[PDB]
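Asker: Structure for this input, please:
(chains A and B, ligands or ions: 7)
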Amino acid sequence: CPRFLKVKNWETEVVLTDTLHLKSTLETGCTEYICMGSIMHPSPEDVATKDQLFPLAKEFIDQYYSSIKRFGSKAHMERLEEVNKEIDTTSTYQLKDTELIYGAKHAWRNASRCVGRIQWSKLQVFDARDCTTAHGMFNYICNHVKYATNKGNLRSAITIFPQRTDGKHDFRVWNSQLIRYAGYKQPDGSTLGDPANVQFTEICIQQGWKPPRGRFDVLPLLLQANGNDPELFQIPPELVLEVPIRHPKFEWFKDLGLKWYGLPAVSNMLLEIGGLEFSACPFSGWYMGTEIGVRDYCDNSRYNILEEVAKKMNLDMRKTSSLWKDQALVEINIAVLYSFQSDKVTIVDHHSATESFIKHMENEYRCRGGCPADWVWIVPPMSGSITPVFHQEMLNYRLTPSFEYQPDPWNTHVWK
Amino acid sequence: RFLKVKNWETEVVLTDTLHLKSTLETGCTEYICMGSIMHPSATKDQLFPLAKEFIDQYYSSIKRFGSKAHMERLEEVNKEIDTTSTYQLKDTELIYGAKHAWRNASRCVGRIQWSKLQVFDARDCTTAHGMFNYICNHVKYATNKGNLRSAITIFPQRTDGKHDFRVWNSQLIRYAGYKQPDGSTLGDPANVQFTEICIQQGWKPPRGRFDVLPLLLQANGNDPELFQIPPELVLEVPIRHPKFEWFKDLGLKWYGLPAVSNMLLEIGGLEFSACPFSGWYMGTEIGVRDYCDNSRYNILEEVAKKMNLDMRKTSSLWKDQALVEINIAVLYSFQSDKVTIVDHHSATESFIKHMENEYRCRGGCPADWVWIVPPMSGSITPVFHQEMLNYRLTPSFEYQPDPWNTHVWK
Ligand code: HEM
Ligand code: HEM
Ligand SMILES: Cc1cc(N)nc(CCc2cc(CC[C@H]3CCCN3C)cc(F)c2F)c1
Ligand SMILES: Cc1cc(N)nc(CCc2cc(CC[C@H]3CCCN3C)cc(F)c2F)c1
Ligand SMILES: C[C@H](O)[C@H](O)[C@H]1CNc2nc(N)[nH]c(=O)c2N1
Ligand SMILES: C[C@H](O)[C@H](O)[C@H]1CNc2nc(N)[nH]c(=O)c2N1
Ligand SMILES: [Zn+2]
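Answerer: Residues are numbered from 1 along each chain as shown, chains lettered A, B, ... in the order given. Ligands and ions are numbered 1, 2, ... in the order given. Pasting the structure now:
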């Protein structure tokens, strides 16, 4: 690979120079002859051997001690030796609290699909590696939700549960996000609530959940500790902050009966630090408006409200070239931003978020030598080219520490 | 190395085998993806395998692979490369190659039309006047009083690089841009430099906001020469709005004919440095990019003004609101004037159908998601949810250096 790669911004002519890609550790899926950049998941029961672990841990320890300006120091060399001995006698090792916090923040810093990374160094890390049971995981998650929600002044946070050992004792949050609404398939084929969550909702009902069978039922937590069968818990409703959606101009918009939860909290990803694997690491931030207003509400396979809103706006819905869909989509995103700001719940519009991200990316290029970014994910799902990231060339590559996808736990779990 | 592509909205999975036939590079590697980079990084010896590859897929396409005609053509091409260091395509091959360069353009959402392409052979052209005549004929044919027809005009191929045919205009029809004294810009700011070359070469600019630029045509590597396209051949549309009667007062118009004139067509190793090609517009090309890019006509603030929108906070989405009304106007205007145009909903829908057609009959369809997804309302169009594999097949349309950076002025 060449040492310097240039990216251009075609609106501002600004050229940036990337050297950080030389530290790339994993494959992207692309080859010299094919690009897989719009494949969502490009290409087990298998843990790192001693020989796989030694270099992965050294690389991370080296990076950590470089970051604290102690590279080559006595503490650096001693930490290397202690880690090496630990791997040698136990085939794994335990991170220091300092190292865990650094690794978590850097997995966020390295997350190429995240437009909100200007915040990466302001992350509250909750060390839950002493957890042994699902009830304990419930306690940790509740504290996380309460801390991160903060009565609407949201704060980013991650709670990290014990790392993988042999792969038969995994900690998992079976929920894909901590807070989501149930979906219910009807006999007649229609769906009530969130159609994306019909499968998981069915799992919870089989596990014992009594469903309200409404349009916005918060799902219970399904929590697996130490490889045991998962267990159900209801999140105390006073910890689930929600925003009813109204429109500043259209008095009828509240009559739609829409609301959404304030806290986006991903709970199905895997956090990889120095070759260690944290299979339960729920992390949360605050929303960009389009995540709710474009995808959650207007995806055809989700709540799918464009028609109903277009009807109440009295739009001509016979020709697509009237752009009735586009007009309604804007008003829905105006309502979402307006309802969150009125209730003083942190949210960020896609103009402000992408402008912030360009500033972040430029700083990272200057101070770090690059900033991996996935353009397909960074550009918002509406009004793409009137945001600055549309015009920004990006380079995508995989740095470690990192958040990874992992198989859904109901597909792998060995029921006791 | 059968590759699967999924649509996350419909769950349709298609299987790609066609990528096994590519040999040009993408710019990515196993460790770095350059999918959002706009431009990532002959002789007798290089030429015959490239020619043989192209003749092979041609005769494979008419289902006479290994036929007597096929065998004879290969030998004919061999001797011609021997004795002349190049070769000439048959008319059938020229047409096949041009349609297939369009078919293979990963960045084109309009490829469902790929085989309906009128191909104008201009390989006998020798002068800029002849180029002008061929180009006027293309424009007139393609415009067709509003019922636009896809066309391409193919001028003589590159020989030694010192006798290149070039259209110096990036597109056949564009508006001029002028650097104003007070620092601002009149017209189209994307063209300020090309406009200045035309002025330097003798063009008398009217210094308005929608001045159609003259043609600047270079034949056989000579100095380029200026020509005015006859105005009756340049179809234009006044943009107005079905509900906002004040919109016509903005004074906006656009031309009906999108015609790329700065790319290079490669076919069996031959390079056609002048190959103007044209189709019809997707509304967002004018309404989102041309009118609302900050570095282009940049009209958003004005439109939002007349709409009386709250422009103090970005979270009012005033820009998004104005953007939709502008794009409603463009579609409404072209449609009212019976000028062929397609909205991004209909176009992307056609492209998904095209992808399905191509996977079935051809085993795949190279597509660049970054370019295929429209610049507004992305995820309410079906291509947003469609995984695409990008790879480079030949014949192809390639970028080439701008002629003013290479030409030695004679
Ligand atoms: C603090 C405010 C944050 C904002 C505004 C933000 C914004 C976003 C958005 C809009 C996406 C695209 C999501 C989608 O389309 O599904 C995303 C993805 C992502 N974010 Fe951030 N995020 C924030 C916080 C965080 C934090 C705290 C972490 C981790 C510690 C994180 C890690 C990620 C990752 C890994 C992805 C990729 C997810 C995937 O591939 O499914 N983000 N973010
Ligand atoms: C017939 C109607 C057509 C429609 C609606 C259409 C639509 C589009 C659009 C929207 C783009 C993106 C352009 C941009 O953002 O600058 C594009 C790109 C492209 N089109 Fe098509 N197109 C059509 C016809 C054609 C024809 C006739 C050809 C050639 C024979 C062609 C070849 C290409 C190529 C090579 C590109 C890529 C240009 C680049 O990389 O800058 N298209 N098309
Ligand atoms: C920390 C953080 C901040 C922030 N602004 N957004 C996020 C993502 C939030 C999020 C993500 C998903 C998965 C979407 C997946 C599944 C289906 C299609 N997509 C690929 C579901 C949710 F409910 C949700 F809230 C995280
Ligand atoms: C055959 C065909 C059909 C169709 N609907 N559209 C096209 C493209 C039309 C087109 C393209 C450009 C270049 C824009 C530049 C600016 C920066 C990045 N882009 C490369 C200028 C134009 F005036 C123009 F009409 C071709
Ligand atoms: C940086 C990025 O590659 C660049 O802005 C691209 C993005 N996608 C595009 N898509 C289309 N159709 N046309 C364009 O000019 C661009 N520009
Ligand atoms: C097929 C395509 O990769 C898929 O729809 C992607 C496109 N870009 C995205 N971008 C974001 N932020 N979130 C998404 O879910 C997607 N989906
Ligand atoms: Zn790639």
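Asker: Please count neighbours and contacts with C-alpha atoms only from this point.
Answerer: Fine.
Asker: what residues does chain A put near ligand 6?
Answerer: Contact residues, chain A versus ligand 6 (CA under 6 Å from any ligand atom): A:38, A:39, A:40, A:376, A:377, A:378.
Asker: Restricted to buried residues, select those residues in ChimeraX.
Answerer: A single ChimeraX command selects the buried members of the residues of chain A next to ligand 6 (16 or more other CA atoms under 10 Å in any protein chain shown):
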select /A:38,39,376,378
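Asker: Format the residues of chain A next to ligand 6 as TSV; extra columns: secondary structure and distance to residue A:50.
Answerer: Formatted as TSV, those follow (DSSP: H, G, I helix; E, B strand; the rest coil; distance: CA to CA, whole Å):
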residue	secondary structure	distance to residue A:50
A:38	coil	35
A:39	coil	33
A:40	coil	31
A:376	helix	37
A:377	helix	36
A:378	helix	37
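Asker: ok, which pair from the residues of chain A next to ligand 6 is furthest apart?
Answerer: A:39 and A:378 (14.5 Å; CA to CA).
Asker: contacting residues for residue A:257?
Answerer: Applying CA atoms under 8 Å, 6 or more residues apart in numbering or on different chains to residue A:257 gives the contacts A:244, A:245.
Asker: Tally up the residues packed near residue A:264, please.
Answerer: Residue A:264 has 20 neighbouring residues, counting by other CA atoms under 10 Å in any protein chain shown.
Asker: Quick check: closest non-adjacent residue to it.
Answerer: residue A:284 (5.5 Å; CA to CA, 6 or more residues apart in numbering or on different chains).
Asker: my guess is that neighbour contacts residue A:266, does it?
Answerer: Yes. Between residue A:284 and residue A:266 there is a contact at 6.3 Å, judged by CA atoms under 8 Å.
Asker: quick one, which of those two is more surrounded?
Answerer: Shown here are residue A:284 and residue A:266; by other CA under 10 Å, residue A:284 has more neighbours (24 against 18).
Asker: Could I get the full set of helices for the stretch 251-400 of chain A?
Answerer: Listed in chain order, the helices found in the stretch 251-400 of chain A under DSSP state H, counting those that start in this stretch are A:289-290, A:297-298, A:306-312, A:324-342, A:350-368, A:375-378.
Asker: so which of those gets nearest ligand 3?
Answerer: helix A:289-290 (8.4 Å; CA to the nearest ligand atom).
Asker: Give me the distance from that closest one to the chain's centre.
Answerer: In terms of CA atoms, centre = their mean, to the nearest Å, the centre of helix A:289-290 is set 15 Å apart from its chain centre.
Asker: Could you do stretch A:118-128 as well?
Answerer: For stretch A:118-128, the distance to the chain centre is 13 Å (CA atoms, centre = their mean).
Asker: which residues are contacting that stretch?
Answerer: A:97, A:101, A:104-106, A:108-109, A:140, A:144, A:155-162, A:356-357, A:360.
Asker: Please pick the buried ones from those.
Answerer: Neighbour-count burial (16+ other CA under 10 Å) applied to the contacts of stretch A:118-128 gives A:101, A:104-106, A:108-109, A:140, A:144, A:155-162, A:356-357, A:360.
Asker: So which of those are in strands?
Answerer: A:157, A:158, A:159, A:160 (DSSP state E).
Asker: Surely the second one is in contact with residue A:278?
Answerer: Meaning residue A:158. No. Counting by CA under 8 Å, residue A:158 sits too far from residue A:278 to count as a contact (11.6 Å).
Asker: And the residue of chain A closest to ligand 7?
Answerer: At 3.6 Å from ligand 7, residue A:35 is the closest residue in chain A, using CA to the ion.
Asker: Run through the bridge partners of residue A:125.
Answerer: Here residue A:125 sits in beta bridges with residue A:158, as judged by DSSP bridges.
Asker: What is the burial count for it?
Answerer: Using other CA under 10 Å: residue A:125 sits among 19 other residues.
Asker: roughly how far is stretch A:342-350 from the heart of the chain?
Answerer: Using CA atoms, centre = their mean, the offset of stretch A:342-350 from its chain centre is 18 Å.
Asker: cool, stretch A:176-186 as well?
Answerer: 17 Å.
Asker: ranges for the strands of the stretch 1-150 of chain A?
Answerer: A:5-8, A:15-18, A:124-127 (DSSP state E, counting those that start in this stretch).
Asker: So which of the ones you listed is nearest residue A:181?
Answerer: Comparing the strands of the stretch 1-150 of chain A under CA to CA, the one sitting nearest is strand A:124-127, at 25.4 Å.
Asker: How about the contacts made by residue A:301?
Answerer: A:195, A:196, B:9.
Asker: which residues does residue A:347 bridge with?
Answerer: Beta-bridge pairing for residue A:347 (DSSP bridges): residue A:287.
Asker: Show me where the stretch 101-250 of chain A has its helices.
Answerer: A:134-149, A:198-206.
Asker: Can you say which of the ones you listed is packed in most?
Answerer: For these, average neighbour numbers computed from mean count of other CA atoms under 10 Å in any protein chain shown are highest in helix A:134-149, which has a mean of 20.
Asker: Briefly note if it comes near ligand 3.
Answerer: No. Helix A:134-149 stays clear of ligand 3 (CA under 6 Å from any ligand atom), getting no nearer than 10.7 Å.
Asker: before we move on, back to that, of the contacts of stretch A:118-128, which are in range of ligand 1?
Answerer: Near ligand 1, by the rule CA under 6 Å from any ligand atom, you find A:108, A:156, A:157 out of the contacts of stretch A:118-128.
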